[PDB]
Amino acid sequence: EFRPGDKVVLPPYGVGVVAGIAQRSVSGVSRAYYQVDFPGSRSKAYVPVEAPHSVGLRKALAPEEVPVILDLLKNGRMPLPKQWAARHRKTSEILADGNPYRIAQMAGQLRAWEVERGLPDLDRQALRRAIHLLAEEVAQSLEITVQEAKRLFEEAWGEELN
DNA sequence: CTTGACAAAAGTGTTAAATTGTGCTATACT
């Protein structure tokens, strides 16, 4: 369940607070619907209360989960196919998937490769867009704007952030 | 109208940088 003021995630919307629940008229009878808003978008969202766990509606990590993610961010890697197709495809799916542990785990190998040989014009967006959801997630949990939030990664990276 | 001495300009040769030309990947899709 999600109360009015719960801090949640709605892929790929990064983070947003739930405003409440309402009966939206969809087709036939109106099932209950959760409401996820994003002030840094001015968008809007309606999430069915039936199976919230099927839309990948997770919740912002707690301040306790910062170090673990950082540790899997600095070191943790993972092999990927050589031809750009499968590799970038996988990375993309992982991105839209909305999984901070997987996005960070990915960011690790992507980082190891970026300063070695160097990152293709594709995997670059697959890195940037990856660090984006992270930097904002940190801003949701620790309530510190993308300035400070991005200032976090600098430690477990070795370099600053864009 | 003539030498000798010189610096600038125009050559001549080998390189580092860049720019351009190519083959190719594999779920299935007719």
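First, a word on what this report is: a plain description of the structure on this page. (Residues numbered from 1 in each chain as written, not as in the entry; some residues may be left out. Chains lettered and ligands numbered in written order. Part of a larger assembly, values for the part shown. Heavy atoms only, no water.)

1. Thoughts on the packing of helix α1 (residues 66-74) against helix α5 (residues 146-157)
It is at 9 Å that the axes of α1 and α5 come closest, and there the two elements cross at 50°. Relative to α5, α1 is oriented oblique. Remark: the crossing between α1 and α5 carries right-handed chirality. The segment α1 lies against α5, with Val66, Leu70, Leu73 and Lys74 engaging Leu152, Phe153, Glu155, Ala156 and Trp157. (Axes fitted to C-alpha atoms, helices over the stretch in contact; angles between N-to-C directions. Helix = DSSP H or I, 4+ residues; strand = E, 2+ residues; numbered from the N terminus. Parallel < 35°, antiparallel > 145°, perpendicular 65-115°, else oblique. Left-handed = near helix turned anticlockwise from the far one by under 90°. Contact = heavy atoms within 4.5 Å.)

2. Remarks on the environment of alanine 135
Relative to the assigned elements, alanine 135 resides in helix α4 (residues 121-141). Looking at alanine 135, the relative accessible area reads 1%, which means it is buried. Expressed as a C-alpha distance, the spacing of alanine 135 and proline 4, which sit 131 residues apart in the sequence, is 24 Å. With residues up to four places along the chain from it excluded, the contact list for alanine 135 reads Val146, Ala149, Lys150 and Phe153. (Buried < 20%, exposed > 50% of the residue type's maximum accessible area, 1.4 Å probe, protein only.)

3. Quick look at the side chain of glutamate 136
Relative to the helices and strands, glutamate 136 is located in helix α4. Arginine 129 is the oppositely charged side chain nearest to the buried, salt-bridge-free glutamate 136, at an N-O distance of 5.4 Å. When residues no more than four places from it in sequence are discounted, the contact partners of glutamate 136 are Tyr13, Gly14 and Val15. (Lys, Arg positive; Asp, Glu negative; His and termini not counted. Salt bridge = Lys/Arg side-chain N within 4 Å of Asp/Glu carboxyl O.)

4. Observations concerning the pairing of strand β2 (residues 15-23)
Here strand β1 (residues 7-9) pairs with β2 via 3 bridges, running antiparallel. Bridging from a neighbouring strand, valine 8 pairs with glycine 16 of β2. Between β1 and β2, which pair antiparallel one after the other, the connecting turn spans 5 residues, and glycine 14 there sits at a positive phi close to 65°. (Pairing = 2+ DSSP bridges.)

5. Things to note about the nonpolar core
In terms of nonpolar packing, the biggest core is built from 24 residues, with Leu73, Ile103, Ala107, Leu127, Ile131, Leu134 and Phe153 touching the most fellow members. For this core, the elements supplying multiple residues, two or more each, are α1, α2 (84-97), α3 (100-114), α4 and α5. It is α4 that contributes the most residues to this core, 7 residues altogether. Once residues lying within four places of it in the same chain are set aside, the contact partners of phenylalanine 153 are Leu70, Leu73, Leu134, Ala135, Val138 and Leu161. Counting 10 residues, the second largest nonpolar core, distinct from the first, contains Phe2, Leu10, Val36 and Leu57. (Core = buried A, V, L, I, M, F, W, Y, C linked by side-chain atoms within 4.5 Å.)

6. A few points about the side chain of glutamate 137
With respect to the secondary-structure elements, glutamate 137 resides in helix α4. Residue classification places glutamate 137 among the buried residues on the basis of a relative accessible area of 6%. Dropping the residues within four chain positions of it, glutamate 137 is found in contact with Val9, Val15, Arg58, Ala60 and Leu61.

7. Describing the environment of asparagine 75
In this fold, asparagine 75 is placed in the loop between α1 and α2. Along the primary structure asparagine 75 and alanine 156 are separated by 81 residues, whereas in three dimensions their C-alpha atoms are 8.7 Å apart.

8. Brief notes about the pattern of salt bridges
A full pass over the atoms with the stated rule returns 8 salt bridges. Across the pair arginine 87 and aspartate 123 runs a salt bridge whose closest N-O atoms are separated by 2.7 Å. Residue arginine 87 is found in helix α2, and its partner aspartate 123 is found in helix α4; the two are separated by 36 residues along the sequence. Since its relative accessible area comes to 9%, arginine 87 is described here as buried. The salt bridge involving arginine 111 is made with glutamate 114; its shortest N-O contact spans 3.3 Å. With a gap of 3 residues between them, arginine 111 and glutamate 114 both fall in helix α3, about one helical turn apart. Accessibility expressed as a relative area gives 16% for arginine 111, which makes it buried. Overlapping salt bridges, with partners in common, bring together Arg111, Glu114, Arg124 and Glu159 in one network.

Function-wise, these values are silent; they only describe arrangement.
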